[PDB]
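Before any comments, here is the structure.
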Amino acid sequence: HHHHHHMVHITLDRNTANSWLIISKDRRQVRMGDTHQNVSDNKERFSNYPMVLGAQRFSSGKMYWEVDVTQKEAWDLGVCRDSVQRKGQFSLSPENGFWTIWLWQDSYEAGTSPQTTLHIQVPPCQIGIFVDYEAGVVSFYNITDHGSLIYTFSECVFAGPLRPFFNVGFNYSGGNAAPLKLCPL
Ligand SMILES: CCC(=O)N1CCC[C@@H](NS(C)(=O)=O)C1
């Protein structure tokens, strides 16, 4: 792909984070803490899952960023509407305002309803995410495998401003403590 020139500098929004997340001082890394991280509750925080949004809102144009997923066993990445549900249980689907992929139990899947199996020969250590607002496209790239395409959502109905979306995943196994990191430009 030749999307790298639409690179945007993403930072995480502490106020949206699940109360167990630890966001680095530079707002570029997030990991799940061992306990509640001593913050007040608010209506923005994801309650049920270890999720957080980027601070940036996109309503036009082309945007690209990269995320490091090294040594994680589970995670979700992509974009979502600014108006997505924060409290209770929900599925990641375009009907609920999410355009995402994930790793779970040694398989990669796109967050369609129902979910779509992905075909990845080289497990990625860094993921590129491209959004074309006007075209209604969200695409995912395998930076470890020379930028190969992972998945394209097309005919997207965003229906609002978009925010970068992250889920560090649970850590019941002891094998998923590693952070998500926003990679430098
Ligand atoms: C997402 C935060 C939360 O509700 N919890 C409670 C359930 C298990 C906890 N910890 S764990 C096993 O290390 O993932 C995290």
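By order of appearance in the structure tokens: chains A, B, ..., then residues from 1 within every chain, and ligands from 1 in the order shown.
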Which residues are near ligand 1 in this structure, taking near to mean any atom at most 10 Å from a ligand atom and counting only C-alpha atoms and all ligand atoms? Format them as a compact mmCIF listing (two decimals) with N, CA and C atoms, in the first residue's frame.
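Full text of result15.txt as output:
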# COMPACT_ATOMS: atom_id res chain seq x y z
N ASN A 18 -11.62 2.21 30.14
CA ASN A 18 -11.96 1.32 31.27
C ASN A 18 -11.05 1.70 32.43
N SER A 19 -11.60 1.60 33.63
CA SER A 19 -10.95 2.05 34.89
C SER A 19 -9.77 1.16 35.27
N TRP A 20 -9.53 0.01 34.64
CA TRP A 20 -8.35 -0.84 34.90
C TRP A 20 -7.20 -0.52 33.97
N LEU A 21 -7.40 0.39 32.99
CA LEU A 21 -6.32 0.62 32.00
C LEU A 21 -5.31 1.63 32.55
N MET A 32 -3.51 -3.26 30.38
CA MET A 32 -4.42 -3.52 31.52
C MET A 32 -3.59 -3.62 32.80
N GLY A 33 -4.04 -2.90 33.81
CA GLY A 33 -3.47 -2.95 35.17
C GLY A 33 -3.96 -4.18 35.90
N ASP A 34 -3.35 -4.42 37.06
CA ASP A 34 -3.70 -5.61 37.88
C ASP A 34 -4.97 -5.35 38.70
N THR A 35 -5.40 -4.13 38.77
CA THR A 35 -6.55 -3.71 39.64
C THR A 35 -7.15 -2.46 39.05
N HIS A 36 -8.24 -2.00 39.61
CA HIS A 36 -8.79 -0.64 39.35
C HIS A 36 -7.72 0.41 39.52
N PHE A 46 -15.68 2.82 28.95
CA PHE A 46 -16.17 1.47 28.68
C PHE A 46 -16.18 0.66 29.99
N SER A 47 -17.31 0.10 30.36
CA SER A 47 -17.45 -0.56 31.69
C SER A 47 -17.11 -2.03 31.63
N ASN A 48 -17.42 -2.75 30.57
CA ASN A 48 -17.44 -4.24 30.58
C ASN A 48 -16.14 -4.80 30.02
N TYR A 49 -15.39 -3.98 29.25
CA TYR A 49 -14.26 -4.50 28.46
C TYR A 49 -13.08 -3.53 28.57
N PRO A 50 -11.84 -4.01 28.34
CA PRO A 50 -10.65 -3.16 28.49
C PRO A 50 -10.34 -2.26 27.27
N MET A 51 -11.33 -1.41 26.98
CA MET A 51 -11.36 -0.55 25.76
C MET A 51 -11.05 0.90 26.09
N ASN A 167 -8.82 -2.22 22.09
CA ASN A 167 -9.14 -3.15 23.19
C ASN A 167 -7.86 -3.93 23.47
N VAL A 168 -7.32 -3.79 24.70
CA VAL A 168 -6.07 -4.53 25.06
C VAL A 168 -6.36 -6.02 25.34
N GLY A 169 -7.63 -6.37 25.49
CA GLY A 169 -8.04 -7.74 25.87
C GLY A 169 -7.88 -8.06 27.34
N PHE A 170 -8.60 -9.09 27.76
CA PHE A 170 -8.44 -9.60 29.14
C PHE A 170 -7.11 -10.31 29.28
N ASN A 171 -6.76 -10.58 30.51
CA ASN A 171 -5.49 -11.30 30.81
C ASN A 171 -5.78 -12.40 31.85
N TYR A 172 -6.75 -13.24 31.56
CA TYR A 172 -7.02 -14.43 32.42
C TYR A 172 -5.86 -15.42 32.31
N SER A 173 -5.16 -15.50 31.20
CA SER A 173 -4.12 -16.51 30.90
C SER A 173 -2.78 -16.14 31.54
N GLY A 174 -2.55 -14.87 31.92
CA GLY A 174 -1.20 -14.42 32.30
C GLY A 174 -0.31 -14.18 31.11
N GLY A 175 -0.79 -14.42 29.88
CA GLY A 175 0.02 -14.31 28.65
C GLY A 175 -0.33 -13.07 27.83
N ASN A 176 -1.24 -12.24 28.31
CA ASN A 176 -1.73 -11.07 27.54
C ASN A 176 -1.54 -9.74 28.25
N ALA A 177 -0.52 -9.59 29.08
CA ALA A 177 -0.28 -8.32 29.80
C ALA A 177 0.33 -7.22 28.93
Check the DSSP output for the backbone and give back, as number ranges by chain, the residues of chain A in strand (DSSP E). A: 21-23, 29-32, 51-53, 62-68, 75-81, 98-104, 107-110, 116-117, 126-132, 137-142, 148-153, 162-167, 180-182
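Nearest residue to residue 82 of chain A, choosing from A:24, A:126, A:116, A:59 and counting only C-alpha atoms: A:59.
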Best match for closeness to residue 134 of chain A among A:65, A:58, A:165, A:104, counting only C-alpha atoms: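 Selected residue with least distance to residue 134 of chain A: A:58.
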Go through A:77, A:182, A:69, A:30 one by one, measure the shortest atom-to-atom distance of each to residue 140 of chain A using only C-alpha atoms, and give the residue with the smallest value.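 Closest to residue 140 of chain A of all the choices is A:77.
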What does the structure give for the distance between atom CA of residue 81 of chain A and atom CA of residue 163 of chain A, in Å to one decimal?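 According to the coordinates, atom CA of residue 81 of chain A and atom CA of residue 163 of chain A are separated by 6.2 Å.
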Using only C-alpha atoms, which residues of segment 148-179 of chain A come within 8 Å of segment 91-97 of chain A, and what is the closest atom pair for each, with the distance in Å to one decimal? Give it as CSV, sorted by chain and residue number.
residue,atom,partner,partner_atom,distance
A:156,CA,A:94,CA,7.7
A:157,CA,A:94,CA,7.9
A:158,CA,A:97,CA,7.1
Calculate how many Å separate atom CA of residue 78 of chain A from atom CA of residue 43 of chain A, rounding to one decimal. 21.6 Å
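Using only C-alpha atoms, the nearest neighbour of residue 61 of chain A within the list A:138, A:125, A:131, A:185 is A:131.
Distance check against residue 2 of chain A using only C-alpha atoms: of A:16, A:148, A:154, A:40, the minimum falls on A:148.
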At a cut-off of 10 Å, using only C-alpha atoms, what residues contact residue 26 of chain A? Leave out same-chain residues fewer than 3 positions from it and give the result as a ChimeraX atom specification. /A:11-12,23,29
Output file for the selection above: N, CA, C and O atoms, as a JSON list (two decimals), in the first residue's frame:
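Once written, again.json looks like this:
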[["chain", "number", "residue", "atom", "x", "y", "z"],
["A", 11, "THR", "N", -3.39, 10.00, 19.81],
["A", 11, "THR", "CA", -3.18, 9.92, 21.28],
["A", 11, "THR", "C", -4.43, 9.34, 21.91],
["A", 11, "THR", "O", -5.58, 9.46, 21.38],
["A", 12, "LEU", "N", -4.22, 8.65, 23.04],
["A", 12, "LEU", "CA", -5.37, 8.02, 23.73],
["A", 12, "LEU", "C", -6.08, 8.99, 24.67],
["A", 12, "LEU", "O", -5.39, 9.79, 25.36],
["A", 23, "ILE", "N", -2.63, 4.17, 30.92],
["A", 23, "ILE", "CA", -2.20, 4.90, 29.69],
["A", 23, "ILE", "C", -0.89, 5.61, 30.02],
["A", 23, "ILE", "O", -0.82, 6.33, 31.10],
["A", 29, "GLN", "N", 0.67, 4.62, 24.67],
["A", 29, "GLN", "CA", 0.65, 3.20, 25.06],
["A", 29, "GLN", "C", -0.44, 2.96, 26.10],
["A", 29, "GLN", "O", -0.79, 3.86, 26.88]]
Could you please determine the separation between atom CA of residue 147 of chain A and atom CA of residue 180 of chain A in Å, to one decimal place? 18.8 Å
For a quick check of understanding, using only C-alpha atoms, which of A:17, A:127, A:74, A:84 has the smallest distance to residue 105 of chain A? A:74
